[PDB]
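Below you'll find the structure, written out as structure tokens, and then a few comments.
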Amino acid sequence: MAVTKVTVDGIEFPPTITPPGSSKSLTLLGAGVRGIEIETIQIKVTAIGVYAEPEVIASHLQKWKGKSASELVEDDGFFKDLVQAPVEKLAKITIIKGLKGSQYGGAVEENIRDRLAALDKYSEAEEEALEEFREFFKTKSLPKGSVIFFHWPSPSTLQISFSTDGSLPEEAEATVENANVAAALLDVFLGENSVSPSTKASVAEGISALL
Ligand SMILES: [Cl-]
């Protein structure tokens, strides 16, 4: 029997997902990969899938209707609107090349702090939030195939989950309630100096299609 699958270089991403502890079901908008470059050698380390409520986020982005995928990815304002949009969002991250949690966490945290410090939005509250974020990854190992779940039930709140085998948890492990960190983390992936332009392209064409 036939099945429809979404894949990024063979890594399978479900077309819809229900975040840990959530009732809602989110729809995949697009997916790409985060690739680290050494010399002229490119290493893919993670696959990233971006999910949200399709009708709702389509409604909030209606000013971009009929705008082409080519035109959206060219425009930082669209991605600002996508990041700001007050809808549930989820990032599913599948580890390609294994690594230790404190490494991934450390790098992402530094990226966030850089963004927030640049914006003059880094105080003790953010440091504590990032303490939580840091502590979450400190204790864990991220082997190939393990998956991280970043859940934004609203733009101000971040919920983190993780499964070593790639299955879907039914409740979140960590909650970071800090608007700046939550938004910055989303900005790591969909923002101006994205760790994954491919993911942004994929989301752009998905959203363009969705409108
Ligand atoms: Cl990543």
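Straight run, no breaks: the sequence shown in the authors' numbering ends on number 211. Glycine is no exception: its CB is placed at the ideal position from the N, C-alpha and C atoms.
If you look at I207, you'll find it in the alpha helix (DSSP H) that goes 197-210.
For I11, the distance from the CB to the nearest heavy atom of ligand 1 is not below 6 Å.
Distance from the CA atom of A107 to the CA atom of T46, rounded to whole angstroms, is 14 Å.
Not one heavy atom of ligand 1 lies closer than 6 Å to the C-beta of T164. Short note on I36: C-beta not closer than 6 Å to any heavy atom of ligand 1. When C-alpha distances from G206 are compared across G10, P15, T4, the shortest belongs to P15.
Counting only runs of 3 or more residues that sit fully inside the region 58-142, the beta strand (DSSP E) segments are 89-95, in chain order. Cβ neighbours of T4 within its own chain (closer than 8 Å, five residues either side excluded): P15. Assignment of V3 by DSSP, reduced to helix, strand and coil, places it in the coil class.
The three-state secondary structure of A179, taken from DSSP, is helix.
Secondary structure at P153: strand, using DSSP grouped into helix, strand and coil.
Using a C-beta cut-off of 8 Å, the region 73-84 makes contact with the region 185-192, since at least three inter-stretch Cβ pairs fall below that distance. The beta carbons of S156 and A172 sit no closer together than 7 Å.
Looking at the DSSP output, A174 bridges to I160.
In the three-state DSSP reduction, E55 falls in the helix class (H, G or I). With a 10 Å radius around the Cβ and a threshold of 16 neighbouring Cβ atoms, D187 comes out buried. By the Cβ criterion, the region 195-202 is in contact with the region 22-37, since at least three pairs of Cβ atoms, one from each stretch, lie closer than 8 Å. Per the DSSP secondary-structure output, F13 pairs in a beta bridge with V6. By a beta-carbon distance limit of 8 Å, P54 does not contact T18. Their separation comes to about 14 Å. In terms of Cβ geometry, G30 and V203 form a close pair [threshold 7 Å]. The residues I57, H60, in chain order, have a CB closer than 6 Å to that of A85 in the same chain once the five nearest residues on each side in sequence are set aside.
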